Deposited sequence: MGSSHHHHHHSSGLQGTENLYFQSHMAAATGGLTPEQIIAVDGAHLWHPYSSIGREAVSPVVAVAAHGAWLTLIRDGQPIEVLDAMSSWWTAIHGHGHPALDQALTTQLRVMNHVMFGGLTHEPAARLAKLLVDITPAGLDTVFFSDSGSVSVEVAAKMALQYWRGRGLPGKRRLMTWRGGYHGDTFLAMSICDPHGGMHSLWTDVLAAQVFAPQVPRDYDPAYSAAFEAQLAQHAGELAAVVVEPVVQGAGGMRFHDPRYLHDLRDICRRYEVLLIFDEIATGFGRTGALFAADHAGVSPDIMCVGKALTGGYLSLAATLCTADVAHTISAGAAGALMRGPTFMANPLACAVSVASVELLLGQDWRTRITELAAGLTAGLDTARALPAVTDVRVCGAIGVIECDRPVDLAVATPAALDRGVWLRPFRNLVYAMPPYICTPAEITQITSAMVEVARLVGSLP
């Protein structure tokens, strides 16, 4: 039962974080209880805890789903055994994802689901007698995880491939996909892919929204082009929807904006409503059959299809489906847009953009976290900028007033960027 000061002391001495942290002591609905100057303060989780908390924290339905599962069985090995939570979740996922995806492979994290997607693609072509088809192609600006293979398709400059390469698989990169639709971009993409088609297993991209590579949006029409290009050159298409899934862009999955189905698909983050790590890789029947007809995909992972994480996800997915989630996301998008409009006129702001429940203020310099953090906290909001971006991905349960409280703090952070000393 440590005190905030003891927590801070232990953390300073023994904990590695990604990249002095604030002590969080509670989380309920859209709100976190954080320790500031030795006192608890309530702040909005404008980040959704890294895009996971779509229904808020401590939602009664998700809490209960977990406690109910905990009562009957915490976990059994998925080697030789199956269970209801995996079965229910698999059925839900195949039903709500783009058409053709009827096979589900569970893992424990988004990056591992991407590795699984890559193994599927490589084993697919090997089972066709084409093992030379082993490279991946993507466009720049992407992010697909922190493992070595996932790093090989992350943006090469944002990912510092230069001090990670000769250790990274050498992949094929098209230029940054532009925001607005330009048929010349897709034509150049096809021409590059065509040169490598015989060594390419798959194209892998984040559809519509590129998250951790810079919160960039692109016209859904580009996905239509990639689908067609991949089909003609016999290259699989992989959509990484670990960030875009479960309504976040205003459609259930961002692929839906283009009306295209990839051959393989990854989901994670919002999958469990931000309770527990879980991810999934889906593929088509043709992909699954070719692999399984081939000469023997994974030995684990150990916690594959964990009943607890699967049960809460079922509850989270059913909670989303059982409400008018589309209207809800449309309203949040409208709130973000109206709330961020004022930021456009600010001196250090280069762009303001919104896609579904994603709100972005792009600035003309890197955001100084030692300035941004306390300023947002002074305004009752937890914001975590990265690079030159002040952005939010709020819980879907945020009220119109909470949304404007978030956007108001974002504008205020940008203003300080901003000016200055």
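Missing from the model relative to the deposited sequence are positions 1-31, 51-58, 336-337 (no C-alpha coordinates, numbering from 1).
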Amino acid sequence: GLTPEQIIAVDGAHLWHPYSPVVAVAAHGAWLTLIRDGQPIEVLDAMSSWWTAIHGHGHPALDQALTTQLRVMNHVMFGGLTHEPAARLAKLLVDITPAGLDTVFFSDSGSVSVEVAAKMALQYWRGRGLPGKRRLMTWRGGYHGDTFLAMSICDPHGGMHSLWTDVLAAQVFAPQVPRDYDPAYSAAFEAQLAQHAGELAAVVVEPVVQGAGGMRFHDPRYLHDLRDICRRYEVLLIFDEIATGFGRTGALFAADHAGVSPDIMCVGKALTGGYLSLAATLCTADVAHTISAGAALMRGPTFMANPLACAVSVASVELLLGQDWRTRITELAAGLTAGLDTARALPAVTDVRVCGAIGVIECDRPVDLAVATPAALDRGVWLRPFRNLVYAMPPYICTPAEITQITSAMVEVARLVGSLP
From here on, numbers count along this sequence of modelled residues.
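Once the C-alpha B-factors are averaged per stretch, 303-311 and 222-230 rank with 222-230 first. Note on 36-44 vs 360-368: mean CA B-factor is higher in 36-44. Based on the entry's C-alpha B-factors, the most elevated value among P207, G247, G158, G274 belongs to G158.
In the deposited coordinates, the residue among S292, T281, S316, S152 with the greatest CA B-factor is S292. For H59, the recorded CA B-factor ranks within the middle third of the chain. Only modelled residues enter the ranking. Looking at the C-alpha B-factors along this chain, the one for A392 belongs to the lowest third.
Sort the modelled residues of the chain by CA B factor and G79 lands in the middle third. Placement of the Cα temperature factor of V381 within the chain: middle third of the modelled residues, per the deposited record. Among the modelled residues of its chain, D351 has a C-alpha B-factor that falls in the middle third according to the deposited record.
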